[PDB]
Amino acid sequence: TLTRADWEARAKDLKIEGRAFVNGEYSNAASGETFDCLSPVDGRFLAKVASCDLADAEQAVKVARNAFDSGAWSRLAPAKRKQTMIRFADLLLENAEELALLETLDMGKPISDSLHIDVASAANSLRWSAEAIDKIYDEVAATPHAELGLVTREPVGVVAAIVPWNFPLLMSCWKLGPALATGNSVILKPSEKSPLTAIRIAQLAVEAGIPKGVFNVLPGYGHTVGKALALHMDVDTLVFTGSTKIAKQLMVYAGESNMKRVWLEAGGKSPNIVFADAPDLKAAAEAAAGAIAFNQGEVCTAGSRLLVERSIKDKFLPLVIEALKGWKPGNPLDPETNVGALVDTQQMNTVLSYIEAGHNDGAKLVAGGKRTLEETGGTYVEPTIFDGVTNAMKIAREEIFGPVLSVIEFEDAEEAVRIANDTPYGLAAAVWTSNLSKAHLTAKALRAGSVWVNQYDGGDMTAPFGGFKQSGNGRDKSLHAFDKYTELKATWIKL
């Protein structure tokens, strides 16, 4: 295990690449322009990252399309693509410490979570998708004797992937895994708030055996290079994870361009329902606190709306606050630190604005609620719990994407479900009960892509992850993730 002093030492002795990666080579943007990569830890300078635009996107697509048509990857044997992506995953573990440090410095996540959660799950996501390549079987229909009906899946071609900043490496690997496994060419557009991890792994892919031009990274802003890719006439599929606002615009961009397939993972207001007959209220309390404090509340499936039955609310709420004592906002370079820094100033101001909206809506602040650690020159906010919150208030409707918890009461099982579904979102939800019938009937009633019973943030690579309604469409992880990067073909042969 590395010491805090070791991480800071390596942070100084760290050479960072900021160039784009096209056709197996690192290069600058066509304009040569660049934005500064700032660290939210202490406002330090990390590197100067290439700022791509339309010209870079046009070049990357041609390279991606040519690589796809060549067949170097798209028509490579399934078992061989599997072995290549496994080496890709293995290389992520070999360079785990650097990747973890890059991410922590990039967006502020505690170094322990960058190494043991981010990097570890990222390599697993690539490996699992690789292992699944030659385990998938296509279909043969029941036809008359003198006829053969084949139903097969083929790679779409050129795939554009726009990755957020909360889990830059992990979300990249959730997209890269199945997309590369199916044999597509990928153009990765990382978030401008965290481009370092995407830039680094692009070289690792080529070292693993991924042919030139199959995996490309175009750093920059969403309104520039991101918009260019979404509007490009030769991009077949665009996958995205982020806000509902941006996701809506990307779908419009598709309707204005080439009718490209769009698969979106928007935001969410995931309810965490706690009944009176919960097996362990303490465990549920620790979970409810962790569901809003982990990754500084910067999680799409954060347990923002904590629903508690009136029978236990007076006992349960003190346990949540007591459990939240352990989630300290500290130095992201310290392994012992539970909660790190927010991504940037704008994010903090937004979170603090919602905290301000919390008071103005008439909510009773019972924990935190203020900016912390300003002396570091960093961006930090302490975990926050608002009591007496109804589902009509602003802080209950809108997604804060910060460590702010709304506690809501319900009378019975019917109301809890009514409140939980009272949202345009539907990414996740949780149920805490020891009753067999109620657990299942509630989970079925909830309109969410992921329902966790007697736990929060469950499910591994075998669990399809996505949302209902405005939380997005399509699924990441599992075998269902492959469907987003493939086209069905019905080959009917007359014998």
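For every residue, the number given is its place in the sequence shown, counted from 1.
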Legend entry - 180-188 set against 294-302, stretch whose average Cα temperature factor tops the other in the entry: 294-302
Legend entry - Entry-level comparison of average CA B-factors, 40-48 and 430-438, reporting the higher stretch: 40-48
Legend entry - Highest recorded Cα temperature factor - choice among 78, 318, 226, 219: 318
Legend entry - Out of 135, 212, 245, 200, residue topping the C-alpha B-factor column of the entry: 245
Inset, instruction - Going by the recorded CA B-factors, say which third of the chain residue 149 sits in, lowest, middle or highest. - result: lowest
Legend entry - Cα B factor band for residue 20 (lowest, middle or highest third within the chain): middle
Legend entry - Ranked against its chain, the third holding the CA B-factor of residue 370: highest
Inset, instruction - Comparing against every modelled residue in the chain, figure out the third that the C-alpha B-factor of residue 253 lands in (lowest, middle or highest). - result: middle
Legend entry - residue 131 CA temperature factor, ranked by third within the chain: lowest
